[PDB]
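Source file: model-v3.txt (compact mmCIF, C-alpha atoms)
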```
# COMPACT_ATOMS: atom_id res chain seq x y z
CA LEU A 3 25.87 57.63 17.87
CA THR A 4 28.87 55.32 17.62
CA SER A 5 31.62 57.02 19.63
CA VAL A 6 35.36 57.09 19.04
CA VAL A 7 38.19 58.71 20.99
CA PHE A 8 41.50 59.19 19.19
CA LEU A 9 44.71 59.82 21.10
CA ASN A 10 46.68 62.09 18.74
CA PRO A 11 50.44 62.07 19.56
CA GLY A 12 51.27 65.43 18.03
CA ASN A 13 50.92 69.06 19.02
CA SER A 14 47.57 70.77 18.44
CA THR A 15 49.46 73.16 16.14
CA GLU A 16 51.55 70.49 14.40
CA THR A 17 50.69 70.65 10.70
CA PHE A 18 50.68 66.93 9.93
CA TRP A 19 48.76 65.86 12.99
CA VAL A 20 46.24 68.68 12.61
CA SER A 21 45.66 67.61 8.99
CA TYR A 22 45.22 64.02 10.19
CA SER A 23 42.62 65.27 12.70
CA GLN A 24 40.79 67.47 10.21
CA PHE A 25 40.45 64.60 7.74
CA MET A 26 39.04 62.41 10.51
CA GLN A 27 36.58 65.09 11.59
CA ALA A 28 35.31 65.34 8.02
CA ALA A 29 34.82 61.57 8.06
CA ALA A 30 33.14 61.67 11.48
CA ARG A 31 30.62 64.26 10.30
CA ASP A 32 29.79 62.36 7.12
CA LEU A 33 29.59 58.99 8.91
CA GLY A 34 27.51 60.25 11.83
CA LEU A 35 30.13 59.30 14.40
CA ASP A 36 30.80 60.99 17.72
CA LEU A 37 34.54 61.71 17.62
CA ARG A 38 36.78 63.21 20.27
CA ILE A 39 40.46 63.88 19.63
CA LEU A 40 42.88 64.28 22.54
CA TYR A 41 46.30 65.76 21.74
CA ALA A 42 49.37 64.57 23.65
CA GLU A 43 51.22 67.77 22.72
CA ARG A 44 54.20 65.55 21.93
CA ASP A 45 54.60 63.90 25.34
CA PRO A 46 53.71 60.18 25.09
CA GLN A 47 53.10 60.07 28.83
CA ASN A 48 50.05 62.26 28.25
CA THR A 49 48.62 59.66 25.87
CA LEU A 50 49.04 57.00 28.54
CA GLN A 51 47.39 59.16 31.19
CA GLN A 52 44.52 60.05 28.85
CA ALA A 53 43.86 56.35 28.24
CA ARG A 54 44.32 55.40 31.90
CA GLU A 55 41.73 57.95 32.99
CA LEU A 56 39.35 57.04 30.14
CA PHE A 57 39.23 53.43 31.34
CA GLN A 58 38.52 54.53 34.92
CA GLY A 59 35.81 57.00 33.98
CA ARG A 60 32.15 56.67 33.03
CA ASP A 61 30.58 57.21 29.62
CA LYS A 62 33.37 55.30 27.90
CA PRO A 63 33.57 55.53 24.10
CA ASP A 64 32.73 52.54 21.91
CA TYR A 65 36.22 52.71 20.38
CA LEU A 66 39.61 53.99 21.52
CA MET A 67 42.02 54.70 18.65
CA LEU A 68 45.74 55.19 19.23
CA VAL A 69 49.04 55.25 17.37
CA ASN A 70 51.34 52.31 17.97
CA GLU A 71 54.61 52.73 19.88
CA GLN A 72 56.84 50.25 21.74
CA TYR A 73 56.39 51.71 25.23
CA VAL A 74 53.00 53.36 25.72
CA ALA A 75 50.82 51.22 23.44
CA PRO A 76 51.56 48.00 25.37
CA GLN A 77 50.61 49.64 28.67
CA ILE A 78 47.35 50.92 27.20
CA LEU A 79 46.56 47.44 25.88
CA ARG A 80 46.99 45.96 29.36
CA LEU A 81 44.97 48.75 30.98
CA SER A 82 42.10 48.32 28.50
CA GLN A 83 41.49 44.74 29.66
CA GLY A 84 37.92 44.46 30.90
CA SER A 85 37.04 48.04 29.96
CA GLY A 86 34.52 47.01 27.33
CA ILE A 87 36.12 49.49 24.95
CA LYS A 88 37.18 48.24 21.52
CA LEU A 89 40.72 49.26 20.56
CA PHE A 90 42.08 50.24 17.17
CA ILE A 91 45.85 50.57 16.68
CA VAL A 92 46.99 52.71 13.76
CA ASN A 93 49.95 53.76 11.61
CA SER A 94 52.30 50.90 12.51
CA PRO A 95 51.99 47.07 12.94
CA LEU A 96 51.18 45.26 16.17
CA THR A 97 54.21 43.34 17.44
CA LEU A 98 54.47 39.65 18.30
CA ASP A 99 54.50 40.68 21.96
CA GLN A 100 51.26 42.64 21.65
CA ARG A 101 49.73 39.67 19.82
CA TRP A 114 38.00 43.42 20.00
CA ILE A 115 41.26 44.90 18.73
CA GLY A 116 41.98 45.85 15.13
CA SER A 117 44.69 47.83 13.34
CA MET A 118 45.39 49.82 10.19
CA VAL A 119 48.78 50.73 8.77
CA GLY A 120 50.26 52.47 5.76
CA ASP A 121 53.51 51.85 3.90
CA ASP A 122 56.23 53.86 5.67
CA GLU A 123 59.04 51.53 4.62
CA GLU A 124 58.15 51.97 0.94
CA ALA A 125 58.17 55.75 1.42
CA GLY A 126 61.67 55.71 2.90
CA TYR A 127 62.92 53.42 0.15
CA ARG A 128 61.27 55.37 -2.67
CA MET A 129 62.62 58.70 -1.44
CA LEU A 130 66.22 57.67 -1.98
CA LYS A 131 65.47 55.95 -5.30
CA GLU A 132 63.66 59.09 -6.51
CA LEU A 133 66.44 61.41 -5.33
CA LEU A 134 69.02 59.25 -7.11
CA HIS A 135 66.92 59.28 -10.27
CA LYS A 136 66.64 63.06 -10.31
CA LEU A 137 70.32 63.63 -9.53
CA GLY A 138 71.20 61.60 -12.61
CA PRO A 139 74.68 60.50 -13.81
CA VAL A 140 78.02 61.58 -12.34
CA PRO A 141 79.56 58.16 -11.36
CA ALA A 142 82.88 56.55 -12.25
CA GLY A 143 85.09 56.90 -9.19
CA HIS A 144 82.94 59.61 -7.63
CA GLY A 145 80.72 58.86 -4.69
CA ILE A 146 77.33 60.45 -4.08
CA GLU A 147 77.40 61.89 -0.57
CA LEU A 148 74.18 61.81 1.42
CA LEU A 149 72.89 63.25 4.69
CA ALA A 150 69.83 61.76 6.38
CA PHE A 151 67.48 63.36 8.89
CA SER A 152 65.22 60.91 10.69
CA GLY A 153 62.43 61.58 13.18
CA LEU A 154 62.04 60.40 16.76
CA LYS A 155 64.37 57.39 16.92
CA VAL A 156 62.04 55.30 19.11
CA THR A 157 59.02 55.65 16.80
CA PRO A 158 57.96 53.06 14.19
CA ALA A 159 57.44 55.77 11.55
CA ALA A 160 61.10 56.71 11.88
CA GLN A 161 62.28 53.10 12.13
CA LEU A 162 60.28 51.94 9.11
CA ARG A 163 61.27 54.87 6.91
CA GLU A 164 64.91 54.33 7.88
CA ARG A 165 64.62 50.63 7.07
CA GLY A 166 63.49 51.63 3.57
CA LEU A 167 66.42 54.02 3.30
CA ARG A 168 68.83 51.27 4.38
CA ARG A 169 67.43 48.93 1.74
CA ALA A 170 68.01 51.54 -0.97
CA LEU A 171 71.54 52.20 0.29
CA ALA A 172 72.36 48.50 0.10
CA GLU A 173 71.39 48.55 -3.58
CA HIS A 174 73.50 51.62 -4.33
CA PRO A 175 77.04 51.34 -2.92
CA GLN A 176 78.01 54.53 -4.79
CA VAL A 177 75.85 56.47 -2.32
CA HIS A 178 77.78 57.32 0.83
CA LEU A 179 75.68 58.14 3.88
CA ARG A 180 78.00 60.50 5.72
CA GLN A 181 75.67 60.89 8.68
CA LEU A 182 72.13 60.14 9.78
CA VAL A 183 70.86 62.31 12.62
CA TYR A 184 67.61 62.35 14.54
CA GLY A 185 65.83 65.63 14.00
CA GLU A 186 62.81 64.47 16.03
CA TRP A 187 60.39 65.67 13.30
CA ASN A 188 61.46 69.20 14.29
CA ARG A 189 62.23 71.92 11.73
CA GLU A 190 64.48 74.19 13.79
CA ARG A 191 66.41 71.21 15.17
CA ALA A 192 67.07 69.84 11.68
CA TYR A 193 67.95 73.39 10.64
CA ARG A 194 70.60 73.59 13.36
CA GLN A 195 71.96 70.14 12.57
CA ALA A 196 72.08 70.96 8.84
CA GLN A 197 74.05 74.16 9.41
CA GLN A 198 76.83 72.02 10.85
CA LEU A 199 76.52 68.95 8.62
CA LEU A 200 76.38 70.79 5.29
CA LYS A 201 79.51 72.70 6.23
CA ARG A 202 81.32 69.55 7.37
CA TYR A 203 80.26 67.56 4.29
CA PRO A 204 80.26 70.03 1.37
CA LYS A 205 80.27 67.19 -1.19
CA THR A 206 76.76 66.28 -0.04
CA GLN A 207 74.43 66.19 -3.05
CA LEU A 208 71.44 64.43 -1.50
CA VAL A 209 69.45 65.05 1.68
CA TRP A 210 66.89 62.42 2.71
CA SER A 211 64.43 63.57 5.40
CA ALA A 212 61.83 61.46 7.20
CA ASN A 213 59.39 64.37 7.13
CA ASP A 214 58.83 67.70 5.40
CA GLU A 215 59.40 69.94 8.43
CA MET A 216 62.98 68.73 8.71
CA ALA A 217 63.56 68.98 4.96
CA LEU A 218 62.44 72.63 5.01
CA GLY A 219 64.80 73.30 7.91
CA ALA A 220 67.76 71.69 6.17
CA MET A 221 66.91 73.59 3.00
CA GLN A 222 67.19 76.93 4.80
CA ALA A 223 70.59 75.97 6.19
CA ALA A 224 71.55 74.99 2.64
CA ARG A 225 70.53 78.34 1.14
CA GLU A 226 72.56 80.14 3.80
CA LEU A 227 75.68 78.25 2.70
CA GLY A 228 75.19 79.11 -0.96
CA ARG A 229 73.72 75.76 -2.00
CA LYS A 230 70.70 75.64 -4.31
CA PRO A 231 67.94 73.21 -3.24
CA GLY A 232 66.54 71.47 -6.30
CA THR A 233 69.54 72.26 -8.48
CA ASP A 234 72.87 71.29 -6.88
CA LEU A 235 71.47 69.74 -3.69
CA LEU A 236 68.37 67.53 -3.78
CA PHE A 237 65.94 67.09 -0.87
CA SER A 238 63.18 64.60 -0.11
CA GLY A 239 60.43 64.75 2.50
CA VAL A 240 57.22 63.15 3.80
CA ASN A 241 53.82 64.83 4.50
CA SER A 242 51.96 67.67 2.76
CA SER A 243 52.40 70.95 4.61
CA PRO A 244 51.49 74.02 2.53
CA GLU A 245 55.12 75.15 2.41
CA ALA A 246 56.36 71.71 1.35
CA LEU A 247 53.76 71.46 -1.40
CA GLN A 248 54.77 74.87 -2.71
CA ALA A 249 58.45 73.88 -2.60
CA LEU A 250 57.70 70.74 -4.61
CA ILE A 251 55.79 72.81 -7.17
CA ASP A 252 58.70 75.29 -7.33
CA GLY A 253 61.17 72.45 -7.80
CA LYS A 254 63.13 73.40 -4.67
CA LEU A 255 61.99 70.23 -2.90
CA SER A 256 62.64 67.27 -5.21
CA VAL A 257 60.57 64.48 -3.70
CA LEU A 258 57.53 64.64 -1.42
CA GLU A 259 55.87 61.42 -0.28
CA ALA A 260 52.31 62.07 0.86
CA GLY A 261 49.03 60.34 1.56
CA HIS A 262 49.23 58.88 5.06
CA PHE A 263 47.45 61.86 6.61
CA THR A 264 44.26 60.21 5.33
CA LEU A 265 44.67 57.04 7.42
CA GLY A 266 42.55 58.29 10.31
CA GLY A 267 39.60 58.92 8.01
CA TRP A 268 39.77 55.44 6.50
CA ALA A 269 40.03 54.07 10.03
CA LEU A 270 36.72 55.70 10.92
CA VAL A 271 35.06 54.14 7.87
CA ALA A 272 36.29 50.76 9.10
CA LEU A 273 35.14 51.38 12.68
CA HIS A 274 31.81 52.72 11.44
CA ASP A 275 31.33 49.43 9.61
CA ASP A 276 32.54 47.33 12.53
CA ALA A 277 29.83 48.88 14.71
CA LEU A 278 27.30 47.85 12.08
CA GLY A 279 28.53 44.27 12.18
CA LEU A 280 30.05 44.63 8.71
CA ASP A 281 33.40 43.16 9.72
CA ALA A 282 35.24 39.86 9.34
CA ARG A 283 37.37 38.92 6.34
CA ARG A 284 36.82 39.95 2.71
CA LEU A 285 36.76 43.65 3.63
CA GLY A 286 40.36 43.25 4.79
CA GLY A 287 40.07 43.43 8.58
CA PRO A 288 40.74 43.36 11.39
CA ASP A 289 44.33 44.33 10.53
CA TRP A 290 44.32 46.47 7.40
CA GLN A 291 47.54 46.99 5.43
CA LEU A 292 47.30 49.94 3.06
CA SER A 293 49.54 51.53 0.43
CA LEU A 294 48.85 55.23 0.88
CA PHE A 295 52.13 56.95 0.03
CA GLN A 296 52.70 58.52 -3.36
CA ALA A 297 55.58 60.65 -4.62
CA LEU A 298 53.49 63.72 -5.47
CA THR A 299 53.58 65.30 -8.90
CA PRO A 300 53.46 69.11 -9.09
CA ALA A 301 49.89 68.85 -10.38
CA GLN A 302 48.78 66.77 -7.40
CA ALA A 303 50.63 69.07 -5.00
CA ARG A 304 48.79 72.05 -6.48
CA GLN A 305 45.44 70.38 -5.75
CA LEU A 306 46.36 69.57 -2.16
CA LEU A 307 47.80 73.05 -1.63
CA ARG A 308 44.65 74.80 -2.80
CA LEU A 309 42.37 72.64 -0.64
CA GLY A 310 44.47 72.36 2.49
CA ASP A 311 42.58 70.89 5.44
CA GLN A 312 39.31 71.36 3.57
CA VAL A 313 40.27 68.42 1.35
CA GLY A 314 38.29 65.96 3.47
CA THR A 315 35.06 67.75 2.58
CA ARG A 316 35.36 66.44 -0.99
CA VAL A 317 35.41 62.81 0.13
CA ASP A 318 32.23 60.73 0.22
CA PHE A 319 33.00 58.67 3.32
CA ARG A 320 29.49 57.26 3.75
CA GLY A 321 29.90 56.06 0.17
CA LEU A 322 32.98 54.10 1.19
CA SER A 323 31.00 52.15 3.77
CA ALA A 324 30.41 48.50 2.88
CA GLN A 325 26.80 49.00 4.00
CA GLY A 326 24.42 47.90 1.26
CA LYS A 327 27.43 47.11 -0.89
CA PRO A 328 27.52 44.12 -3.25
CA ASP A 329 30.29 41.63 -2.56
CA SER A 330 33.78 41.87 -4.06
CA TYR A 331 33.65 45.39 -2.69
CA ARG A 332 37.00 46.24 -1.17
CA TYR A 333 37.68 49.64 0.36
CA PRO A 334 39.28 51.86 -2.31
CA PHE A 335 41.19 53.84 0.33
CA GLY A 336 43.77 56.09 -1.29
CA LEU A 337 44.88 59.60 -2.16
CA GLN A 338 43.07 59.28 -5.48
CA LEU A 339 39.74 59.58 -3.65
CA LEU A 340 40.83 63.13 -2.78
CA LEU A 341 42.20 64.12 -6.19
CA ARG A 342 39.38 62.90 -8.46
```
Would you give me this structure, written as structure tokens?
Amino acid sequence: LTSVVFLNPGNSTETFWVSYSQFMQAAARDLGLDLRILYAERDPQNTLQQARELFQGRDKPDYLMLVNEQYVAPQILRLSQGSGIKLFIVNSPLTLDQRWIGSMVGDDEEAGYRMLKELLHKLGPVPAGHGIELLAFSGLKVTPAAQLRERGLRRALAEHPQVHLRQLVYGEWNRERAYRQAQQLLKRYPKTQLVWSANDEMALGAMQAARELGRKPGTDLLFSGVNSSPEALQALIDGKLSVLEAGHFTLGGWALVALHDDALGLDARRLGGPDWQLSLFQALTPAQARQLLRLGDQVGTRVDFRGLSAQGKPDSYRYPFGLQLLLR
């Protein structure tokens, strides 16, 4: 069977990355692919070592999938030379420096931009001499997911001078860290009305700090987040979390459909390869959140991956990759 090894950067207990893995496994089973997922447990050096040893060992996989980063990815690209293994870079774009090797990315910048626009929309009027104070919690500073989401935030801020970013801190995707930072920041900047977070874990942490200070998430203080953890989905449904961008946890599954087809020789143009650019993020509605909450990591089982394959498909067929395939 076509074999793929994916180097997962998260912890084996990290909600988002586990959901990403579970969706891929559902795709692997349906597509008849031999998939192995190696967790870095949040230390990029482990990803590098896992790749280094894979290239030096026997029984190499047909494909090696990895998340792009500015320090480890380049080294893995150089080490892969002459390995015979096909590489697939996901989640963020290949750089000019880095430029068979394909890639697949989502729309992180749009998510960062839309979160602020959505928060501003829900907050509603109040202007005329009054500023709208904002706190921002980003992820790991050196990661493209954080950089791209922040770029989107910066674009929205440039369009809304009334919004005053009092401070942007790096919560490193960590809930307790954001919680600790929020305890201090929300006390220092009591006029804060908006809290933009690059992920849901951090939003939930900041929300707890907010409740402890007497603030009311969803009413007098609005929060945004990215991902679809059970707690975040429930908070969105309850109205405590105001905006939740979700959908990118499905990227790995779509990637396997693409690799499955590449192995069959169904590649080239038309289908969108070898560097796919997808729009996966959606600001979830309570109804959609309810569906995702009920299904959890079993959501992939309702997706007909083999049906997404271009195999035996008429032309003009473009992959319909999206969250809608899960909510039908």
* Minimum-distance residue to residue 38 of chain A, chosen among A:154, A:270, A:324, A:224 (using only C-alpha atoms) ->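 Counting only C-alpha atoms, the residue closest to residue 38 of chain A is A:270.
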* Could you tell me which of A:321, A:34, A:314, A:116 comes closest to residue 263 of chain A if we count all atoms listed in the file? =>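 Distance minimum relative to residue 263 of chain A lands on A:314.
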* With a distance cut-off of 7 Å and only C-alpha atoms, select the neighbouring residues of residue 146 of chain A, excluding the residue or stretch itself and same-chain residues fewer than 6 positions from it, and output the selection as a ChimeraX atom specification. => /A:176-178,207
Output as a tab-separated table one row per residue of segment 22-116 of chain A within 12 Å of segment 123-131 of chain A: the closest atom pair and its distance in Å to one decimal place, counting only C-alpha atoms, sorted by chain and residue number ascending.
```
residue	atom	partner	partner_atom	distance
A:93	CA	A:123	CA	11.7
A:94	CA	A:123	CA	10.4
A:95	CA	A:123	CA	11.8
```
* Asked: For residue 21 of chain A, which of A:153, A:287, A:266, A:204 is the closest residue, counting all atoms listed in the file?
  ->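 The shortest atom-to-atom distance to residue 21 of chain A comes from A:266.
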* Identify the residues around (71.6, 63.8, 2.2) within a radius of 6 Å, measuring from only C-alpha atoms in the coordinates stated by the file, and give them as a ChimeraX atom specification. => /A:148-150,208-210
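The residue that comes closest to residue 141 of chain A, out of A:19, A:175, A:284, A:158 and on the basis of all atoms listed in the file, is A:175.
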* Choose the residue, out of A:199, A:292, A:260, A:306, that has the smallest atom-to-atom separation from residue 244 of chain A; count all atoms listed in the file. =>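 Once distances to residue 244 of chain A are computed over all atoms listed in the file, the minimum belongs to A:306.
Using all atoms listed in the file, the smallest distance between any of A:147, A:249, A:155, A:52 and residue 200 of chain A comes from A:147.
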* Asked: Suppose you want the space between atom CA of residue 174 of chain A and atom CA of residue 132 of chain A; what is it in Å?
  ->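 Value for the atom CA of residue 174 of chain A-atom CA of residue 132 of chain A distance: 12.5 Å.
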* Asked: Do you have the atom CA of residue 90 of chain A-atom CA of residue 243 of chain A distance handy?
  -> 26.3 Å
